[PDB]
Amino acid sequence: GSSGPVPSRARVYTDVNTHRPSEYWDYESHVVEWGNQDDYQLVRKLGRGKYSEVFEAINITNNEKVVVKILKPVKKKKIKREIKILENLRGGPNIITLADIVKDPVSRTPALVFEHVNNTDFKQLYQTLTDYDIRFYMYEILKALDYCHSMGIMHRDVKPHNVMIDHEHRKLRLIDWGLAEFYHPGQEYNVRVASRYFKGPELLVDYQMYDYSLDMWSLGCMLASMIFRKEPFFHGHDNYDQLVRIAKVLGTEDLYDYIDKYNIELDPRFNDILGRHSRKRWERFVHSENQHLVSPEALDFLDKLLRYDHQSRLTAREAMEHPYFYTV
Ligand SMILES: Nc1cc(Br)cnc1N
C-alpha cells in the first residue's frame, strides 16, 4: 500500500465557488478601503485574542454602540481574507455585520467595526437555558452555517466564545471569521484551525481535504456540552490527547474504519496513547443535573453530528429538518 490518502469532497455546495468569478474568492486581489477611525470612540476592552484586541465603542455620528476589533497586522493576506469573507456574507442570517473598515490616523492599525451584541458569557448563560432555549439557539446557528456554506465559506472556528447571544432579545450572531476560508473541491487545507475541544477528527488525524462538515462536528461538540452540562464535552490536554478523548466515547473500531476508508496514515504518536475503547451509548451521559435537557430526539440528532466520517455527518440543511427542531 503506497497510493496516498483517498480524495473527498463536500456533499453540498460543492461547486459554488467554481461557478463564480474569481473576484468573489480571490481575496489576495481584493482592494481594501480604510475609513477614519475618528468617528468611533473606544469605551471598554471586551477581550484580547492572539492577533487582536476587541473594544466596545460608540459611533459619534449616531450615538450607537459598536464593537471595534483592532487587528495586530502580522499577516496581510489573512486580514484580506477575513474582510473579503465578511463583505461576502454581510447581511446574511445571524452573521455578524461588518459595519466599517477603519484605521486610527496616528497608529495606522487595521480595525474592523461590527454591530454590537449585548452578550451573556456562556459560563453564566448555558446553565440558565431550558430544553426549548437549546433547540431555538441551535437552529439560529444552523441558519448562519447553511447560509455561509451556501456562500462557499467554512467558518472553521465554531465554539461558544464565537456565538454571541442577546438572551433578552433572543438574538444570536456568529462572530470571528478570522479562520474562515473559501471551499474549493479537492483543496488541501491547513489542519491547524479551530479550538482544541472543537477540532474534528479529520484535523486530528491530519486529513487536509476537509470541507463544511468540519463546522458540523464543532456544532455537535457545543450541543453535547449544552444538553449534558459538561464543558467541554471532549476534554483533551493536547491535539493528540484530543483524539483519545473522542475515541473514549465513539470507540476505536469506528475510528479504524474511518482512517481505512480514506487511507489515512495515523501518526506514530497515537501508538501508545490510543488504546482500545468500546463505543459508548449516548444515554450514559444522562444524569440528574441534565435529564431535563435530554430527549430521544436530542440524542438521535447528536449521534448524527458526532461521527468520525465527515461525509456521514448531517449537512446544516439536513440538520434543520431533524425532529429535534419540530418545536421551533
Ligand atoms: N464581544 C462581542 C463581539 C462582537 Br463582533 C459583537 N458583540 C460582542 N459583544
# chains A, B, ... in the order shown; residues from 1 in each chain; ligands from 1

call {"tool": "select_by_dssp", "arguments": {"residues": "region 54-250 of chain A", "states": "strand (DSSP E)", "output": "PDB file with N, CA and C atoms, in the first residue's frame"}}
result
ATOM      1  N   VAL A  54     -10.306  43.479  21.209  1.00  0.00           N
ATOM      2  CA  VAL A  54     -11.718  43.780  20.980  1.00  0.00           C
ATOM      3  C   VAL A  54     -12.222  44.838  21.993  1.00  0.00           C
ATOM      4  N   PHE A  55     -12.873  45.886  21.476  1.00  0.00           N
ATOM      5  CA  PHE A  55     -13.371  47.002  22.274  1.00  0.00           C
ATOM      6  C   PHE A  55     -14.823  47.304  22.002  1.00  0.00           C
ATOM      7  N   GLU A  56     -15.535  47.736  23.036  1.00  0.00           N
ATOM      8  CA  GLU A  56     -16.890  48.251  22.911  1.00  0.00           C
ATOM      9  C   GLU A  56     -16.630  49.732  22.610  1.00  0.00           C
ATOM     10  N   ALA A  57     -17.388  50.307  21.675  1.00  0.00           N
ATOM     11  CA  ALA A  57     -17.195  51.692  21.276  1.00  0.00           C
ATOM     12  C   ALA A  57     -18.508  52.372  20.942  1.00  0.00           C
ATOM     13  N   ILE A  58     -18.449  53.694  20.757  1.00  0.00           N
ATOM     14  CA  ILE A  58     -19.600  54.491  20.375  1.00  0.00           C
ATOM     15  C   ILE A  58     -19.298  55.184  19.064  1.00  0.00           C
ATOM     16  N   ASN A  59     -20.221  55.064  18.119  1.00  0.00           N
ATOM     17  CA  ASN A  59     -20.147  55.738  16.825  1.00  0.00           C
ATOM     18  C   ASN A  59     -20.638  57.159  17.145  1.00  0.00           C
ATOM     19  N   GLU A  64     -24.609  55.388  18.622  1.00  0.00           N
ATOM     20  CA  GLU A  64     -24.917  53.959  18.682  1.00  0.00           C
ATOM     21  C   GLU A  64     -23.682  53.163  19.072  1.00  0.00           C
ATOM     22  N   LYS A  65     -23.883  52.117  19.878  1.00  0.00           N
ATOM     23  CA  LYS A  65     -22.817  51.232  20.321  1.00  0.00           C
ATOM     24  C   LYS A  65     -22.392  50.295  19.183  1.00  0.00           C
ATOM     25  N   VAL A  66     -21.074  50.097  19.049  1.00  0.00           N
ATOM     26  CA  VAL A  66     -20.432  49.208  18.086  1.00  0.00           C
ATOM     27  C   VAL A  66     -19.344  48.433  18.793  1.00  0.00           C
ATOM     28  N   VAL A  67     -18.778  47.448  18.092  1.00  0.00           N
ATOM     29  CA  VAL A  67     -17.634  46.694  18.554  1.00  0.00           C
ATOM     30  C   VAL A  67     -16.470  46.944  17.586  1.00  0.00           C
ATOM     31  N   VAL A  68     -15.313  47.370  18.105  1.00  0.00           N
ATOM     32  CA  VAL A  68     -14.121  47.646  17.300  1.00  0.00           C
ATOM     33  C   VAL A  68     -13.062  46.565  17.566  1.00  0.00           C
ATOM     34  N   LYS A  69     -12.672  45.827  16.511  1.00  0.00           N
ATOM     35  CA  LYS A  69     -11.642  44.791  16.602  1.00  0.00           C
ATOM     36  C   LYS A  69     -10.364  45.321  15.975  1.00  0.00           C
ATOM     37  N   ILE A  70      -9.381  45.631  16.803  1.00  0.00           N
ATOM     38  CA  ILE A  70      -8.094  46.185  16.394  1.00  0.00           C
ATOM     39  C   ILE A  70      -7.151  45.007  16.128  1.00  0.00           C
ATOM     40  N   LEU A  71      -6.809  44.811  14.855  1.00  0.00           N
ATOM     41  CA  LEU A  71      -6.012  43.673  14.401  1.00  0.00           C
ATOM     42  C   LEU A  71      -4.523  43.925  14.490  1.00  0.00           C
ATOM     43  N   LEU A  98     -20.374  43.460   9.457  1.00  0.00           N
ATOM     44  CA  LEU A  98     -19.214  44.334   9.404  1.00  0.00           C
ATOM     45  C   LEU A  98     -19.782  45.698   8.971  1.00  0.00           C
ATOM     46  N   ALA A  99     -19.768  46.662   9.883  1.00  0.00           N
ATOM     47  CA  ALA A  99     -20.330  47.995   9.640  1.00  0.00           C
ATOM     48  C   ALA A  99     -19.330  48.933   9.005  1.00  0.00           C
ATOM     49  N   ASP A 100     -18.032  48.743   9.287  1.00  0.00           N
ATOM     50  CA  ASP A 100     -16.991  49.626   8.752  1.00  0.00           C
ATOM     51  C   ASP A 100     -15.615  48.986   8.829  1.00  0.00           C
ATOM     52  N   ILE A 101     -14.657  49.556   8.068  1.00  0.00           N
ATOM     53  CA  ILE A 101     -13.253  49.142   7.985  1.00  0.00           C
ATOM     54  C   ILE A 101     -12.499  50.436   8.145  1.00  0.00           C
ATOM     55  N   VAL A 102     -11.710  50.561   9.215  1.00  0.00           N
ATOM     56  CA  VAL A 102     -11.047  51.829   9.535  1.00  0.00           C
ATOM     57  C   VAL A 102      -9.617  51.654  10.022  1.00  0.00           C
ATOM     58  N   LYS A 103      -8.896  52.783  10.106  1.00  0.00           N
ATOM     59  CA  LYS A 103      -7.537  52.867  10.644  1.00  0.00           C
ATOM     60  C   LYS A 103      -7.451  54.116  11.511  1.00  0.00           C
ATOM     61  N   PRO A 110      -4.927  48.481  11.265  1.00  0.00           N
ATOM     62  CA  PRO A 110      -6.200  47.994  10.717  1.00  0.00           C
ATOM     63  C   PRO A 110      -7.197  47.616  11.824  1.00  0.00           C
ATOM     64  N   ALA A 111      -8.466  48.037  11.685  1.00  0.00           N
ATOM     65  CA  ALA A 111      -9.535  47.769  12.643  1.00  0.00           C
ATOM     66  C   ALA A 111     -10.836  47.496  11.927  1.00  0.00           C
ATOM     67  N   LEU A 112     -11.593  46.561  12.464  1.00  0.00           N
ATOM     68  CA  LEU A 112     -12.883  46.211  11.903  1.00  0.00           C
ATOM     69  C   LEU A 112     -13.950  46.672  12.861  1.00  0.00           C
ATOM     70  N   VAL A 113     -15.027  47.241  12.321  1.00  0.00           N
ATOM     71  CA  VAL A 113     -16.139  47.747  13.120  1.00  0.00           C
ATOM     72  C   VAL A 113     -17.335  46.867  12.876  1.00  0.00           C
ATOM     73  N   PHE A 114     -17.919  46.347  13.959  1.00  0.00           N
ATOM     74  CA  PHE A 114     -19.073  45.453  13.924  1.00  0.00           C
ATOM     75  C   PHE A 114     -20.233  45.990  14.702  1.00  0.00           C
ATOM     76  N   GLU A 115     -21.433  45.485  14.380  1.00  0.00           N
ATOM     77  CA  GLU A 115     -22.632  45.735  15.165  1.00  0.00           C
ATOM     78  C   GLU A 115     -22.360  45.154  16.587  1.00  0.00           C
ATOM     79  N   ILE A 153     -18.252  29.178   2.023  1.00  0.00           N
ATOM     80  CA  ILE A 153     -17.322  29.513   3.091  1.00  0.00           C
ATOM     81  C   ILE A 153     -17.500  28.523   4.274  1.00  0.00           C
ATOM     82  N   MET A 154     -16.374  28.090   4.863  1.00  0.00           N
ATOM     83  CA  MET A 154     -16.423  27.265   6.077  1.00  0.00           C
ATOM     84  C   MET A 154     -15.903  28.149   7.202  1.00  0.00           C
ATOM     85  N   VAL A 163     -20.062  32.554  19.439  1.00  0.00           N
ATOM     86  CA  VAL A 163     -21.522  32.625  19.305  1.00  0.00           C
ATOM     87  C   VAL A 163     -22.026  33.655  20.346  1.00  0.00           C
ATOM     88  N   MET A 164     -22.344  34.873  19.883  1.00  0.00           N
ATOM     89  CA  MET A 164     -22.824  35.954  20.766  1.00  0.00           C
ATOM     90  C   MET A 164     -24.322  35.855  20.876  1.00  0.00           C
ATOM     91  N   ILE A 165     -24.844  35.821  22.107  1.00  0.00           N
ATOM     92  CA  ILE A 165     -26.278  35.667  22.337  1.00  0.00           C
ATOM     93  C   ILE A 165     -26.817  36.788  23.235  1.00  0.00           C
ATOM     94  N   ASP A 166     -27.790  37.543  22.717  1.00  0.00           N
ATOM     95  CA  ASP A 166     -28.534  38.553  23.499  1.00  0.00           C
ATOM     96  C   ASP A 166     -29.822  37.816  23.907  1.00  0.00           C
ATOM     97  N   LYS A 171     -31.564  37.033  20.253  1.00  0.00           N
ATOM     98  CA  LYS A 171     -30.761  37.379  19.083  1.00  0.00           C
ATOM     99  C   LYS A 171     -29.419  36.654  19.207  1.00  0.00           C
ATOM    100  N   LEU A 172     -28.976  36.027  18.124  1.00  0.00           N
ATOM    101  CA  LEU A 172     -27.714  35.285  18.093  1.00  0.00           C
ATOM    102  C   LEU A 172     -26.873  35.753  16.882  1.00  0.00           C
ATOM    103  N   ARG A 173     -25.547  35.906  17.065  1.00  0.00           N
ATOM    104  CA  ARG A 173     -24.628  36.234  15.982  1.00  0.00           C
ATOM    105  C   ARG A 173     -23.416  35.321  16.005  1.00  0.00           C
ATOM    106  N   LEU A 174     -23.040  34.801  14.828  1.00  0.00           N
ATOM    107  CA  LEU A 174     -21.815  34.005  14.700  1.00  0.00           C
ATOM    108  C   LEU A 174     -20.712  35.002  14.333  1.00  0.00           C
ATOM    109  N   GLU A 181     -12.546  30.225   5.556  1.00  0.00           N
ATOM    110  CA  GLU A 181     -11.874  30.031   4.288  1.00  0.00           C
ATOM    111  C   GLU A 181     -12.861  29.644   3.184  1.00  0.00           C
ATOM    112  N   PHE A 182     -12.493  29.919   1.936  1.00  0.00           N
ATOM    113  CA  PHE A 182     -13.318  29.552   0.802  1.00  0.00           C
ATOM    114  C   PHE A 182     -13.158  28.054   0.516  1.00  0.00           C
TER     115      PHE A 182
END

call {"tool": "residues_around", "arguments": {"residues": "region 204-219 of chain A", "least_positions_apart": "2", "cutoff": "7 Å", "atoms": "only C-alpha atoms", "output": "PyMOL selection string"}}
result
chain A and resi 7-10+149+154-156+158-159+183+186-191+198-202+221-223+239-240+243+266+305-306+310+313+315

call {"tool": "write_last_selection", "arguments": {"atoms": "N, CA and C atoms", "output": "compact mmCIF listing (two decimals), in the first residue's frame"}}
result
# COMPACT_ATOMS: atom_id res chain seq x y z
N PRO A 7 -9.14 10.94 -2.00
CA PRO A 7 -9.75 12.29 -2.05
C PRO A 7 -11.21 12.30 -1.59
N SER A 8 -11.69 13.48 -1.16
CA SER A 8 -13.04 13.68 -0.65
C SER A 8 -13.54 15.05 -1.08
N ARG A 9 -14.86 15.18 -1.20
CA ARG A 9 -15.46 16.48 -1.45
C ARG A 9 -16.76 16.62 -0.68
N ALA A 10 -17.17 17.88 -0.44
CA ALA A 10 -18.42 18.19 0.25
C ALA A 10 -19.59 17.58 -0.51
N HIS A 149 -22.18 28.27 4.27
CA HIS A 149 -21.80 27.09 3.46
C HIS A 149 -22.32 27.31 2.00
N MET A 154 -16.37 28.09 4.86
CA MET A 154 -16.42 27.27 6.08
C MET A 154 -15.90 28.15 7.20
N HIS A 155 -16.57 28.16 8.34
CA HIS A 155 -16.15 29.07 9.45
C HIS A 155 -14.84 28.60 10.09
N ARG A 156 -14.77 27.27 10.38
CA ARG A 156 -13.59 26.59 10.92
C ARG A 156 -13.22 27.01 12.36
N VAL A 158 -16.10 27.27 15.01
CA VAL A 158 -17.38 27.21 15.72
C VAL A 158 -17.06 26.74 17.17
N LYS A 159 -17.48 27.57 18.15
CA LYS A 159 -17.30 27.33 19.60
C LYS A 159 -18.16 28.35 20.38
N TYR A 183 -14.29 27.34 0.30
CA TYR A 183 -14.22 25.94 -0.03
C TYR A 183 -14.01 25.76 -1.55
N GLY A 186 -11.34 19.50 -3.70
CA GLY A 186 -10.01 18.94 -3.84
C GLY A 186 -8.90 19.73 -3.17
N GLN A 187 -9.19 20.92 -2.62
CA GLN A 187 -8.14 21.73 -1.98
C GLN A 187 -7.69 21.11 -0.67
N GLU A 188 -6.36 21.15 -0.43
CA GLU A 188 -5.78 20.63 0.81
C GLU A 188 -5.57 21.82 1.73
N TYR A 189 -6.23 21.77 2.88
CA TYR A 189 -6.21 22.89 3.83
C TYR A 189 -5.31 22.62 5.04
N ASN A 190 -4.91 23.68 5.72
CA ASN A 190 -4.12 23.60 6.95
C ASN A 190 -5.02 23.02 8.05
N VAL A 191 -4.55 21.96 8.74
CA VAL A 191 -5.36 21.30 9.77
C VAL A 191 -5.29 22.04 11.11
N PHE A 198 -13.00 21.58 20.02
CA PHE A 198 -13.98 21.59 18.93
C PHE A 198 -13.39 21.07 17.60
N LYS A 199 -12.09 20.70 17.59
CA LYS A 199 -11.41 20.20 16.38
C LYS A 199 -12.02 18.85 15.95
N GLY A 200 -12.37 18.73 14.67
CA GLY A 200 -12.89 17.48 14.13
C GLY A 200 -11.81 16.41 14.01
N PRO A 201 -12.21 15.11 13.98
CA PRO A 201 -11.23 14.02 13.84
C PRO A 201 -10.35 14.19 12.60
N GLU A 202 -10.92 14.73 11.48
CA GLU A 202 -10.19 14.98 10.23
C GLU A 202 -8.96 15.82 10.48
N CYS A 221 -20.15 19.29 19.19
CA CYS A 221 -19.41 19.42 20.45
C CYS A 221 -20.12 20.42 21.36
N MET A 222 -20.61 21.51 20.76
CA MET A 222 -21.34 22.56 21.52
C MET A 222 -22.66 22.01 22.04
N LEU A 223 -23.37 21.26 21.19
CA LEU A 223 -24.66 20.65 21.56
C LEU A 223 -24.49 19.68 22.73
N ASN A 239 -3.41 18.15 21.20
CA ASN A 239 -4.11 17.71 19.95
C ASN A 239 -4.14 16.19 19.78
N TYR A 240 -3.11 15.47 20.25
CA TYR A 240 -3.12 14.01 20.18
C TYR A 240 -4.08 13.43 21.22
N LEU A 243 -7.89 13.42 20.31
CA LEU A 243 -8.47 12.28 19.58
C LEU A 243 -8.78 11.10 20.52
N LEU A 266 -2.04 7.05 10.28
CA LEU A 266 -2.14 7.55 11.65
C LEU A 266 -0.75 7.81 12.19
N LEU A 305 -24.41 14.08 14.22
CA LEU A 305 -23.38 15.11 14.05
C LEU A 305 -22.01 14.57 14.45
N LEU A 306 -21.94 13.87 15.59
CA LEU A 306 -20.66 13.40 16.12
C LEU A 306 -20.27 12.03 15.56
N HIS A 310 -16.56 12.47 8.16
CA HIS A 310 -17.03 13.83 7.82
C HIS A 310 -18.15 13.81 6.75
N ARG A 313 -21.81 12.88 8.37
CA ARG A 313 -22.45 13.87 9.25
C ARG A 313 -23.58 14.61 8.51
N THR A 315 -25.63 17.67 7.00
CA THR A 315 -25.23 18.99 6.48
C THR A 315 -26.10 19.96 7.31

call {"tool": "closest_atom_pairs", "arguments": {"of": "chain A", "to": "ligand 1", "cutoff": "6 Å", "atoms": "only C-alpha atoms and all ligand atoms", "output": "Markdown table"}}
result
| residue | atom | partner | partner_atom_place_in_ligand_line | distance |
| --- | --- | --- | --- | --- |
| A:46 | CA | ligand 1 | 1 (N) | 5.8 |
| A:67 | CA | ligand 1 | 6 (C) | 5.6 |
| A:114 | CA | ligand 1 | 5 (Br) | 5.4 |
| A:116 | CA | ligand 1 | 7 (N) | 4.3 |
| A:117 | CA | ligand 1 | 7 (N) | 3.7 |
| A:118 | CA | ligand 1 | 9 (N) | 5.3 |
| A:119 | CA | ligand 1 | 9 (N) | 4.9 |
| A:175 | CA | ligand 1 | 5 (Br) | 5.5 |

call {"tool": "write_last_selection", "arguments": {"atoms": "N, CA, C and O atoms", "output": "compact mmCIF listing (two decimals), in the first residue's frame"}}
result
# COMPACT_ATOMS: atom_id res chain seq x y z
N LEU A 46 -13.23 44.39 25.66
CA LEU A 46 -14.12 43.23 25.77
C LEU A 46 -13.35 41.92 25.83
O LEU A 46 -13.86 40.92 26.33
N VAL A 67 -18.78 47.45 18.09
CA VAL A 67 -17.63 46.69 18.55
C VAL A 67 -16.47 46.94 17.59
O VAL A 67 -16.64 46.79 16.38
N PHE A 114 -17.92 46.35 13.96
CA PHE A 114 -19.07 45.45 13.92
C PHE A 114 -20.23 45.99 14.70
O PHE A 114 -20.05 46.79 15.64
N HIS A 116 -22.87 45.84 17.59
CA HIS A 116 -22.69 45.44 18.97
C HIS A 116 -23.72 44.40 19.31
O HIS A 116 -24.88 44.52 18.91
N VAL A 117 -23.31 43.41 20.11
CA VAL A 117 -24.23 42.42 20.61
C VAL A 117 -24.12 42.41 22.16
O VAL A 117 -23.03 42.27 22.71
N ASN A 118 -25.24 42.56 22.84
CA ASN A 118 -25.27 42.55 24.31
C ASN A 118 -25.27 41.08 24.82
O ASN A 118 -26.29 40.55 25.24
N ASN A 119 -24.10 40.44 24.74
CA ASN A 119 -23.83 39.05 25.09
C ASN A 119 -23.77 38.75 26.59
O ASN A 119 -23.29 39.57 27.38
N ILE A 175 -19.68 35.10 15.19
CA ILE A 175 -18.59 36.05 15.05
C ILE A 175 -17.24 35.40 14.76
O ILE A 175 -17.14 34.17 14.67

call {"tool": "closest_residue", "arguments": {"among": "A:26, A:254, A:176, A:289", "to": "residue 49 (chain A)", "atoms": "only C-alpha atoms"}}
result
A:176

call {"tool": "atom_distance", "arguments": {"atom1": "CA of residue 92 (chain A)", "atom2": "CA of residue 301 (chain A)"}}
result
25.1 Å

call {"tool": "residues_around", "arguments": {"residues": "region 232-235 of chain A", "least_positions_apart": "3", "cutoff": "10 Å", "atoms": "only C-alpha atoms", "output": "MDAnalysis selection string"}}
result
chainID A and resid 160 196:199 220:226 228:229 238 241:249

call {"tool": "write_last_selection", "arguments": {"atoms": "C-alpha atoms", "output": "PDB file, in the first residue's frame"}}
result
ATOM      1  CA  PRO A 160     -19.307  29.044  22.446  1.00  0.00           C
ATOM      2  CA  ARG A 196      -8.713  22.119  20.596  1.00  0.00           C
ATOM      3  CA  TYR A 197     -12.008  20.930  22.162  1.00  0.00           C
ATOM      4  CA  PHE A 198     -13.975  21.591  18.927  1.00  0.00           C
ATOM      5  CA  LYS A 199     -11.413  20.195  16.381  1.00  0.00           C
ATOM      6  CA  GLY A 220     -22.084  18.738  17.780  1.00  0.00           C
ATOM      7  CA  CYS A 221     -19.415  19.424  20.454  1.00  0.00           C
ATOM      8  CA  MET A 222     -21.338  22.561  21.522  1.00  0.00           C
ATOM      9  CA  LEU A 223     -24.656  20.651  21.557  1.00  0.00           C
ATOM     10  CA  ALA A 224     -23.201  17.799  23.677  1.00  0.00           C
ATOM     11  CA  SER A 225     -21.787  20.305  26.203  1.00  0.00           C
ATOM     12  CA  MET A 226     -25.172  22.106  26.416  1.00  0.00           C
ATOM     13  CA  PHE A 228     -25.172  17.178  29.157  1.00  0.00           C
ATOM     14  CA  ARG A 229     -23.905  20.258  31.151  1.00  0.00           C
ATOM     15  CA  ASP A 238      -3.202  18.427  23.655  1.00  0.00           C
ATOM     16  CA  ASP A 241      -4.905  13.511  23.518  1.00  0.00           C
ATOM     17  CA  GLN A 242      -7.987  15.237  21.955  1.00  0.00           C
ATOM     18  CA  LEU A 243      -8.468  12.280  19.579  1.00  0.00           C
ATOM     19  CA  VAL A 244      -8.151   9.820  22.522  1.00  0.00           C
ATOM     20  CA  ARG A 245     -10.959  11.710  24.403  1.00  0.00           C
ATOM     21  CA  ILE A 246     -13.139  11.350  21.255  1.00  0.00           C
ATOM     22  CA  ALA A 247     -12.201   7.608  20.957  1.00  0.00           C
ATOM     23  CA  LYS A 248     -13.208   7.017  24.630  1.00  0.00           C
ATOM     24  CA  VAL A 249     -16.796   7.909  23.531  1.00  0.00           C
TER      25      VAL A 249
END

call {"tool": "residues_around", "arguments": {"residues": "residue 294 (chain A)", "least_positions_apart": "5", "cutoff": "8 Å", "atoms": "only C-alpha atoms", "output": "PyMOL selection string"}}
result
chain A and resi 131+227-228+286+299

call {"tool": "closest_residue", "arguments": {"among": "A:178, A:251, A:296, A:275", "to": "residue 308 (chain A)", "atoms": "only C-alpha atoms"}}
result
A:251

call {"tool": "closest_residue", "arguments": {"among": "A:81, A:170, A:72, A:19", "to": "residue 94 (chain A)", "atoms": "only C-alpha atoms"}}
result
A:170

call {"tool": "atom_distance", "arguments": {"atom1": "CA of residue 134 (chain A)", "atom2": "CA of residue 307 (chain A)"}}
result
20.8 Å

call {"tool": "decode", "arguments": {"residues": "region 74-90 of chain A", "atoms": "N, CA, C and O atoms", "output": "PDB file, in the first residue's frame"}}
result
ATOM      1  N   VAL A  74      -0.011  41.054  11.600  1.00  0.00           N
ATOM      2  CA  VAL A  74       1.033  40.034  11.499  1.00  0.00           C
ATOM      3  C   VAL A  74       1.001  39.307  10.133  1.00  0.00           C
ATOM      4  O   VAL A  74       2.035  38.789   9.699  1.00  0.00           O
ATOM      5  N   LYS A  75      -0.175  39.283   9.464  1.00  0.00           N
ATOM      6  CA  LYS A  75      -0.382  38.639   8.165  1.00  0.00           C
ATOM      7  C   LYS A  75      -1.457  39.430   7.379  1.00  0.00           C
ATOM      8  O   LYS A  75      -2.649  39.365   7.710  1.00  0.00           O
ATOM      9  N   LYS A  76      -1.015  40.175   6.344  1.00  0.00           N
ATOM     10  CA  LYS A  76      -1.870  40.999   5.480  1.00  0.00           C
ATOM     11  C   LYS A  76      -2.850  40.170   4.650  1.00  0.00           C
ATOM     12  O   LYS A  76      -3.994  40.597   4.454  1.00  0.00           O
ATOM     13  N   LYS A  77      -2.396  38.995   4.151  1.00  0.00           N
ATOM     14  CA  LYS A  77      -3.194  38.060   3.360  1.00  0.00           C
ATOM     15  C   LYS A  77      -4.375  37.558   4.211  1.00  0.00           C
ATOM     16  O   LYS A  77      -5.476  37.402   3.691  1.00  0.00           O
ATOM     17  N   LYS A  78      -4.128  37.329   5.529  1.00  0.00           N
ATOM     18  CA  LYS A  78      -5.124  36.863   6.500  1.00  0.00           C
ATOM     19  C   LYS A  78      -6.165  37.959   6.753  1.00  0.00           C
ATOM     20  O   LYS A  78      -7.349  37.656   6.853  1.00  0.00           O
ATOM     21  N   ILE A  79      -5.721  39.225   6.841  1.00  0.00           N
ATOM     22  CA  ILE A  79      -6.616  40.376   7.022  1.00  0.00           C
ATOM     23  C   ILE A  79      -7.521  40.526   5.797  1.00  0.00           C
ATOM     24  O   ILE A  79      -8.738  40.661   5.965  1.00  0.00           O
ATOM     25  N   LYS A  80      -6.939  40.396   4.575  1.00  0.00           N
ATOM     26  CA  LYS A  80      -7.674  40.463   3.304  1.00  0.00           C
ATOM     27  C   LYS A  80      -8.746  39.380   3.233  1.00  0.00           C
ATOM     28  O   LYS A  80      -9.867  39.657   2.829  1.00  0.00           O
ATOM     29  N   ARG A  81      -8.405  38.153   3.675  1.00  0.00           N
ATOM     30  CA  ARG A  81      -9.329  37.024   3.671  1.00  0.00           C
ATOM     31  C   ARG A  81     -10.525  37.283   4.569  1.00  0.00           C
ATOM     32  O   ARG A  81     -11.656  37.065   4.147  1.00  0.00           O
ATOM     33  N   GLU A  82     -10.281  37.723   5.829  1.00  0.00           N
ATOM     34  CA  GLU A  82     -11.381  37.963   6.774  1.00  0.00           C
ATOM     35  C   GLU A  82     -12.334  39.055   6.256  1.00  0.00           C
ATOM     36  O   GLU A  82     -13.554  38.877   6.300  1.00  0.00           O
ATOM     37  N   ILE A  83     -11.775  40.164   5.754  1.00  0.00           N
ATOM     38  CA  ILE A  83     -12.578  41.274   5.179  1.00  0.00           C
ATOM     39  C   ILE A  83     -13.405  40.814   4.000  1.00  0.00           C
ATOM     40  O   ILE A  83     -14.620  41.027   3.971  1.00  0.00           O
ATOM     41  N   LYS A  84     -12.767  40.119   3.042  1.00  0.00           N
ATOM     42  CA  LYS A  84     -13.487  39.634   1.868  1.00  0.00           C
ATOM     43  C   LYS A  84     -14.633  38.712   2.261  1.00  0.00           C
ATOM     44  O   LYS A  84     -15.744  38.857   1.752  1.00  0.00           O
ATOM     45  N   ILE A  85     -14.383  37.774   3.193  1.00  0.00           N
ATOM     46  CA  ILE A  85     -15.450  36.883   3.656  1.00  0.00           C
ATOM     47  C   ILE A  85     -16.569  37.678   4.343  1.00  0.00           C
ATOM     48  O   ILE A  85     -17.747  37.400   4.116  1.00  0.00           O
ATOM     49  N   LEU A  86     -16.205  38.605   5.232  1.00  0.00           N
ATOM     50  CA  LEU A  86     -17.211  39.416   5.954  1.00  0.00           C
ATOM     51  C   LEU A  86     -18.094  40.253   5.005  1.00  0.00           C
ATOM     52  O   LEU A  86     -19.311  40.308   5.190  1.00  0.00           O
ATOM     53  N   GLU A  87     -17.477  40.804   3.951  1.00  0.00           N
ATOM     54  CA  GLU A  87     -18.178  41.574   2.918  1.00  0.00           C
ATOM     55  C   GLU A  87     -19.073  40.669   2.107  1.00  0.00           C
ATOM     56  O   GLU A  87     -20.213  41.046   1.841  1.00  0.00           O
ATOM     57  N   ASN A  88     -18.579  39.430   1.751  1.00  0.00           N
ATOM     58  CA  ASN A  88     -19.415  38.484   1.009  1.00  0.00           C
ATOM     59  C   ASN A  88     -20.649  38.074   1.782  1.00  0.00           C
ATOM     60  O   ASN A  88     -21.751  37.939   1.200  1.00  0.00           O
ATOM     61  N   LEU A  89     -20.482  37.869   3.109  1.00  0.00           N
ATOM     62  CA  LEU A  89     -21.546  37.378   3.974  1.00  0.00           C
ATOM     63  C   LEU A  89     -22.429  38.443   4.588  1.00  0.00           C
ATOM     64  O   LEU A  89     -23.447  38.094   5.174  1.00  0.00           O
ATOM     65  N   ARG A  90     -22.009  39.710   4.499  1.00  0.00           N
ATOM     66  CA  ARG A  90     -22.665  40.868   5.100  1.00  0.00           C
ATOM     67  C   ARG A  90     -24.156  40.916   4.818  1.00  0.00           C
ATOM     68  O   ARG A  90     -24.575  40.948   3.659  1.00  0.00           O
TER      69      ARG A  90
END
